[PDB]
Amino acid sequence: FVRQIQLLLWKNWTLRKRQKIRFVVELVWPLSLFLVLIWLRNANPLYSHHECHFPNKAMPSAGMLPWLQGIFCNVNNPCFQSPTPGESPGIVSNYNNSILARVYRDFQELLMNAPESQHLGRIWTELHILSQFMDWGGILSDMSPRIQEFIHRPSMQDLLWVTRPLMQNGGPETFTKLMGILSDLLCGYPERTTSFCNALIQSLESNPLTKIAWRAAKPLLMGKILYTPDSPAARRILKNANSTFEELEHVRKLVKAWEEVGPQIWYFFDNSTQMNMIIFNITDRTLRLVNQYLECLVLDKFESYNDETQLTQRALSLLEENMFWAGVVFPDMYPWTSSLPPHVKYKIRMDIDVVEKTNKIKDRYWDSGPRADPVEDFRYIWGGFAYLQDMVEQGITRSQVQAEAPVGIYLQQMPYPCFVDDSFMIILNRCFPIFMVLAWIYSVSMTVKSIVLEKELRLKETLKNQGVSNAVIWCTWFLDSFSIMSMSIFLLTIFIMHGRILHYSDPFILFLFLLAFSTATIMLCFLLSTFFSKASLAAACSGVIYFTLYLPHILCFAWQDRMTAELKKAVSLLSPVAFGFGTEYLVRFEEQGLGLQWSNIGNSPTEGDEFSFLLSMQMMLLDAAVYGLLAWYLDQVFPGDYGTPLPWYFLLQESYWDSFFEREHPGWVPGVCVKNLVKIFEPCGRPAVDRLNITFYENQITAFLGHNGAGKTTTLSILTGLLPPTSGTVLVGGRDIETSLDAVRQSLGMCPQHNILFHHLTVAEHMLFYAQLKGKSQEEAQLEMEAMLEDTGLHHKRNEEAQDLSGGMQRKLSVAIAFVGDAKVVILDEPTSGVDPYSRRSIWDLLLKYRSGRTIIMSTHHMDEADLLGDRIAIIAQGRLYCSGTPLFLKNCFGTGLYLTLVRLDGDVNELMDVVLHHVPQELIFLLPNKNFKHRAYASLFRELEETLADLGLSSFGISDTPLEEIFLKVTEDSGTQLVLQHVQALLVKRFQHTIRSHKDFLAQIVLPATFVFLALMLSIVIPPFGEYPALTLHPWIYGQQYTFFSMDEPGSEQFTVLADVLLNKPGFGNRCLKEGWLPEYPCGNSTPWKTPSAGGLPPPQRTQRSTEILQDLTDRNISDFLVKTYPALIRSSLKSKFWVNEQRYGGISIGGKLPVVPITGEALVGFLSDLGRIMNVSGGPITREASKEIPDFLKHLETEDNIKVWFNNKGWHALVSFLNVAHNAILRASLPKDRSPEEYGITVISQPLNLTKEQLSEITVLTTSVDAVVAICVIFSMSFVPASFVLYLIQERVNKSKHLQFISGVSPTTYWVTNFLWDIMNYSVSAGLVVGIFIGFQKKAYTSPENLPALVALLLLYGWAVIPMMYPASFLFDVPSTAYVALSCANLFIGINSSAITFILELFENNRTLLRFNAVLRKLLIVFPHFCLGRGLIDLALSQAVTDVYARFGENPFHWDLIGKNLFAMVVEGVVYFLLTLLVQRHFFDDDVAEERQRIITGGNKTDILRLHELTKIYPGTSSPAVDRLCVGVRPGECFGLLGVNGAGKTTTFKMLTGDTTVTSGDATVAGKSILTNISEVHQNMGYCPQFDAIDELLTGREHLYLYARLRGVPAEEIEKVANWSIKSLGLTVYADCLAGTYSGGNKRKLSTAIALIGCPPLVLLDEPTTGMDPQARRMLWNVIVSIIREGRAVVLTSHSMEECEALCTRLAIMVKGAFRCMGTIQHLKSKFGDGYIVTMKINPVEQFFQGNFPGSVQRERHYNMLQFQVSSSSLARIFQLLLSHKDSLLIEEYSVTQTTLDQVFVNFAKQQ
Ligand SMILES: *[C@@H]1O[C@H](CO)[C@@H](O[C@@H]2O[C@H](CO)[C@@H](O[C@@H]3O[C@H](CO)[C@@H](O)[C@H](O)[C@@H]3O)[C@H](O)[C@H]2NC(C)=O)[C@H](O)[C@H]1NC(C)=O
Ligand SMILES: *[C@@H]1O[C@H](CO)[C@@H](O[C@@H]2O[C@H](CO)[C@@H](O[C@@H]3O[C@H](CO)[C@@H](O)[C@H](O)[C@@H]3O)[C@H](O)[C@H]2NC(C)=O)[C@H](O)[C@H]1NC(C)=O
Ligand SMILES: Nc1ncnc2c1ncn2[C@@H]1O[C@H](COP(=O)(O)OP(=O)(O)NP(=O)(O)O)[C@@H](O)[C@H]1O
Ligand SMILES: Nc1ncnc2c1ncn2[C@@H]1O[C@H](COP(=O)(O)OP(=O)(O)NP(=O)(O)O)[C@@H](O)[C@H]1O
Ligand SMILES: *[C@@H]1O[C@H](CO)[C@@H](O)[C@H](O)[C@H]1NC(C)=O
Ligand SMILES: [Mg+2]
Ligand SMILES: [Mg+2]
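Residue numbers (the authors' numbering): 3 to 137, 273 to 328, 365 to 451, 502 to 880, 915 to 1161, 1201 to 1217, 1227 to 1280, 1347 to 1465, 1506 to 1863, 1868 to 1901, 1918 to 2171, 2183 to 2252.
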């Protein structure tokens, strides 16, 4: 048993080591995919970040001016490495770095600080009062140095310098660098309307640079606010909320006041009182234009409503022009209500595009990064959410309390420390499963192909019957595949950790995962090999099934919410799905920085995944187990269409796992018996055999005979178990077949009609392999093999492989294989076919040696051989037995008579018969009676014929005693432009007829990829339906167990004592434990006292409040340092049992802070204005009077002091709003009257967006790009696996030599190639139509646009045009028509993916430096491959469609040269040049009797000779021995020549050289004066070829072949039918004329071959053994047609191995030994020259004594078991015949024959010289 495994692994290694040009690429193919992801590793360094702090965002409650300067200042939210001054505990200004604040400080220091300034102001006021009453300069002079120092201040100096380009000439660069100047002067950082308004709007939207900013700013400026609960309380809230709007209205009315003044200033300047002392023009235009601009702005934004639906329908219309800011809805405070509830809540309806998604609170997968992109991360602030919430909350607070509580609000993000920030993980998470699953599509396909092919060409079944069970071969295949794949993964093992792909994970567990996946893959291979039984089909539908098995992995990527751990496991029964889940968990562990190192196994990577890597491993191993069980079941239930009979599925329910026939003589133990057996083929309808009843015995060498196609191979293969019998007894001696299958398959040799052998194996190894399956060790086989080598004669080719041997050598090797070992039941079939008699007699001697205890059923067609060996002959005619018994009984019961075998331009055939009848009343045979002999008249006639040998011209004769050939013959009786058009139409109809009869191989290699992409598209259609975003309540305890804190800064103020004490204790921290009904799920809790457990300095204290909070005590320290250092420690500590890395920091409120406020004190400026008005007397204006009234309120709302800073983290998507609301509630509760309990008064906010069927334009767009990207390589796979199916027919035509036989006809290579190309492009154009039909049916909007549909159709058609002439050269390289398909499909798919995905990664979703240019370089370089032109074009079309629909959503050419124009108009040239390359590679880079013959051939020669040879030679490379050498024979027309010789001499070699297959090494072959080295198109016009190996399409009938070659020979289309009928009636091919070529017997096949050779009537016919494997009575018809052609005068050359056929036809002879001729004369010349005397044979010791006593001159030649042969000359044959007939009973002679130097004897005498 283990010895069998050792032998099988030995032979597998032996065959593999001969192919170390394909094993290596099989081993290293998966590693070839990982070349892009080493360059991505090297080109994506981990760009580490630096810790940077955030600016303090302002808020409208902090003051209108601070809010505006903030929104203009921190537009980009630039984080700063150093901490900001506003992050200190007490500073909330953070703006003195600006030059405006600096010059204001300089003004406040130089003036209004020294007492001199106050004295000057008082003196000026007194002087003004005195002048007013009337209607010193020393202090003014003393003020001159002060102002001189003021104007010379460096702050003012740089201010004056930078204000030089202050909008000179209307603006130096408009809105290009003026923003920079404004930032310098206000944002000092260390890095229905007027037609004028409409015109400005249209001008600004015209500019695309300013159009993007004018998308959200317009709702912010001229938007509208809708409030549905129009309550009086709501209205007073809004009156307390529009305070900043009122301030803006006042400041807008201020600029309108320059109309009451107008020219009053100019009146003073021109004609006032005391104008004589004794600009305005340049500034007034600016004032008026900014007045107009402020007039254009809309300031009334609140609009009432009553219904939510009305609010939504108005908001939609407003946002159509971007005029809807936000919608505020209060669930409480109904319009009929007018009071303030103690607890008030509102829900802010908003657009989805300007709010974050409510269904999710954070990123699903944690990563590094502060999440601080100003345009998308901070969607609340620039979207107008935080401002609106602040305004409404300030309104409600001022409406509730009456202390007005002036406290500003600022926000400040917690800074992030330095991290890695690698971009490789983003592409890794989306591409790694693909590259890890596509690396396993080539090896599985190759293994499936190898197994199915081995099952196909008769390799598993030929050894299964010998000694091997299916378990043995199955486990050897399993172990071999496991070893190879283990080597593959071991090469893959140390490739990524040393490739720097991973750095933390242990590279040992993934090795186990890879071996589990290897087991899964080999089990899949076993299953798939059991599924198929055809080479082409299995090669085709191999990777498609695997890839569509990987397909549903994308579904879980789409459905990230539906999938659970149980749901993951449920569909994890597929190996690729479990593999992909393992891959994604590995990248999840790697992205966290921990990786899988013997610790993360059994642990979920992200929150409640509840799925383990060990769980995936368990799923994979159980998948392998169930797959193996199913494979075993299917193998033992469905072996396939051909092979062992199929057991039924009930094998597991059982507990156990008339007078012409001779009677049986005694001593005949029945070994094999088959009675009443009938076999029927379903398509034919006529049974092959009907009523077989045989009695084979234990040791008799019984010969099986019958005409070709009767029952022979069927009957001799039905008892070896490889063909299912259709009822019939098969009992072989108590061990019945189909029951004792194992017992009968122990001692049984077998050789089929054809040859079965291992291609990559030598003779010696082939013998040793089968010399050890019977328990024999190495020693027995080694001692045994040499005897077989020396007996079979195959000792000169011991180590000469197996594929260089001809048919006879293969037959000899097969019979030697069946001979070795002990096999009682050998079933040798047809050992004598195309073999020389010299080896045939050796075969006979070997067979009679092994007949003592063996049953032999040897079958043949040489009746002489059967008579010599077979002691019992059974003949089967038309599938039924006709006669049986010993040959003596057969000739007794079927006539016993003598035959005259005289041979015969000389010949009369008119008087020889007359004189013969007078005595006894070129193959003339005369029947003579064996008995009633006169014994003297016969001798008299013999003497007369001897005397009349030459004059009659017969020249030869012989006498035989009843040969079996006559018995067989007796019993077989009763049983031009039009020419090219014709060529192309004939080839087209031939290909069409071939294809229509291959249905299962048409709709499986063509439309299967269409079904694949259809399934992929349908799966991509299935998507999670849109759901409206829920009403998200906003309270910080959503996360639970948070890490808050506070600062208690600036405790001096009594209000600051009031606050930061009611916040900490009573209502928890926000609204939890609020003494009423709110969020009942969260418990109130109990307080925990202070704690100071034992980064920076010391750990500050903390306290656990009643709510789930651990607020800290960072009150007196630097908050920034501790808050930025605790978070790394926090996330490090969070790794304990929480591998999802959840954080606890979520906010923080730092009380205290102050800013410098201008101490105008209100009425001081009003007094200044009144003074200037009463002095200048230019005042007076209703606008002036109404605007000079609210100055104290204007200044009060302008600024606010004593503010708070609200810290926040940014990972949470709602931290800002939640903690801002918490701080606002704390402020409101703090400043409250000391009358009510400050616990039952709070505010809760909800940020539910509008209930609109619209999603965020940042994931659906990415979702659409992904869904067009997941269906972007499926189409590549489909259109990469289609063109490979067109090379199978080409390579199978090349291998079986059918294409060359077509080239023998008058067909130019170009016409054949263009017909093939036209058929391919017509055939290809059923895939493009199908895929575009699927596209239009699914309405793929990326391509179903009418503008792009013709573009897509043209792209597909051109891709098909330029893809066909690329696989044409492959047919000239491969040899097996299933490895070429796999290799080509894999290579095409690999280049397609590695051309498309690289550009997709490099250009989209990535902006590279110094390699982005390389992307353009390769795009200009990679266009040569049509696959790149297809994939890149398709993805670019999809991307362009995405961009167009994005711009259409914002509000808004396929034939382009750079889009598809360069793709299309530079691919047709590629197609035509590749076709020209195909044509180029098609045309290029592809002793005595003979002494007089050679001299006459050279130096002139006969002018009428047809194919005069000249010194033909040939030596195969690597052999150092010429196959043929120096051949020169001239043939006259009308002469039938004979090329006889030993097997392997080179007859086939010479024919294939002279027919144009093999190039001539040296010499010339002058065919009618035309050299073969010259053009052979005209040489092909006068030839007909019948090769030794059949070359025909098995899916056609003979009549189709005849029509095809009649069209190809130039025959007009009206005589085709009549000449076809003439040919079929002259060759007898009429019963099977209209039958398929696949179901043809060997004799039938050769008959068809010679029939197709003779068509067209050329003056030359070439035959390469037309009679090998041909039954008698079929030779005679060939002889008749050949002699008809000869008497027609056209020369014919014939070769054979039967001696009778040549002497019947062939005139001249040429014995070829080792490629060297030995004779040239005709039959009688050789018989007279070579050999002497007469040859007499006898068939039964005393006979030898009689012969030596009567005949002095004789030789005991050919001494065998039961026959004798001699060369007695004597004087005349009459005396020898007389003495033989005298001693008939004395010698016990059974069979005798007398002749004179037969050609077989001289043949074996020539053959024995070696
Ligand atoms: C509160 O803690 C922060 C540390 O996070 C202290 O801020 C640090 O202050 C120094 C002052 O020199 C900053 O230095 C910077 O140097 C560059 C280069 O000369 C200069 O251009 C900057 O203007 C600045 O002076 C430093 O960046 C900053 N932060 C760091 C990283 O230490 C702050 O002083 C602490 N407050 C206390 C305890 O007073
Ligand atoms: C909150 O304050 C803003 C800013 O002051 C208010 O907007 C302005 O309010 C006034 C007073 O209602 C509006 O004036 C009215 O204009 C119409 C149109 O000519 C006129 O017929 C009335 O006699 C009155 O003068 C003004 O249009 C409006 N906005 C502008 C463009 O200045 C706002 O109304 C206040 N919101 C609340 C909560 O009521
Ligand atoms: N798969 C098949 N379907 C239909 N007919 C078949 C099939 N295989 C063989 N046959 C025919 O069944 C008959 C079998 O007769 P048989 O004498 O066994 O032929 P053979 O031995 O295979 N060739 P030969 O030695 O020349 O007679 C022939 O007519 C075959 O052509
Ligand atoms: N590709 C090959 N390389 C090397 N030797 C080969 C090759 N093909 C065949 N041979 C051998 O070289 C000789 C070629 O002569 P071949 O034409 O086979 O002889 P043959 O007498 O015509 N044989 P056959 O027609 O089958 O009876 C034989 O000995 C072949 O076995
Ligand atoms: C002015 O800005 C600098 C910048 O760091 C700061 O240190 C300083 O405290 C500021 N002074 C005032 C008065 O705001
Ligand atoms: Mg046969
Ligand atoms: Mg040959």
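Where is the CB? At the ideal position from N, CA and C, for every residue including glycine.
Item: Given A116 as reference, the closest of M280, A2022, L838 and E2045 once Cα atoms are compared; Value: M280
Item: Cβ-based burial, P32 [other Cβ within 10 Å; buried from 16]; Value: buried
Item: Inter-residue Cα distance where the pair is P1144 and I1114; Value: 16 Å
Item: Three-state secondary structure assigned by DSSP to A1999; Value: coil
Item: Residue of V2167, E1610 and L1359 minimising C-alpha distance to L67; Value: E1610
Item: Inter-stretch contact (C-beta, 8 Å, three-pair minimum) for the region 2082-2099 and the region 2119-2128; Value: yes
Item: Beta carbon shell of ligand 5 at less than 5 Å from a heavy atom; Value: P87 and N98
Item: The region 52-70 contacting the region 646-666, beta-carbon criterion three pairs below 8 Å; Value: no
Item: Between the CA atoms of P1380 and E1122 - distance to the nearest angstrom; Value: 57 Å
Item: Sequence-distant residues of its chain with Cβ nearer than 8 Å to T1676 (five each side left out); Value: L1815, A1849, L1850 and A1853
Item: Rounded C-alpha distance that separates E1421 from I288; Value: 37 Å
Item: Inter-stretch contact (C-beta, 8 Å, three-pair minimum) for the region 2006-2013 and the region 1263-1272; Value: no
Item: 6 Å Cβ shell around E807 - same chain, five flanking residues per side excluded; Value: none
Item: Rounded separation between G1592 and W126 - CA only; Value: 27 Å
Item: Backbone CA spacing between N2111 and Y1947 [nearest angstrom]; Value: 38 Å
Item: Integer-rounded CB distance, given that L2067 should sit under 8 Å from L2026; Value: 7 Å
Item: Ligand 4 heavy atom lying under 7 Å from the CB of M1066; Value: yes
Item: Simplified DSSP state of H289, which is helix, strand or coil; Value: coil
Item: Burial state of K1945, where buried means 16 or more other Cβ atoms lie within 10 Å; Value: buried
Item: Any heavy atom of ligand 2 nearer than 6 Å to the CB - residues listed; Value: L411, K412, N415, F418, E419, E422, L522, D523 and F525
Item: Helix, strand or coil at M2101 according to DSSP, with G and I counted as helix; Value: coil
Item: Residue closest to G1584, alpha-carbon to alpha-carbon, out of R1963, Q437 and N78; Value: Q437
Item: DSSP-derived helix/strand/coil call for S1116; Value: strand
Item: Touch test, the region 1002-1010 against the region 1052-1059, Cβ-Cβ under 8 Å, three pairs minimum; Value: no
Item: Beta-bridge pairing of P1234 - partner residues as DSSP gives them; Value: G1154
Item: Outcome for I1367 when other beta-carbon atoms lying within 10 angstroms are tallied against a minimum of 16; Value: exposed
Item: Near ligand 3: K969 beta-carbon under 7 Å from a heavy atom; Value: yes
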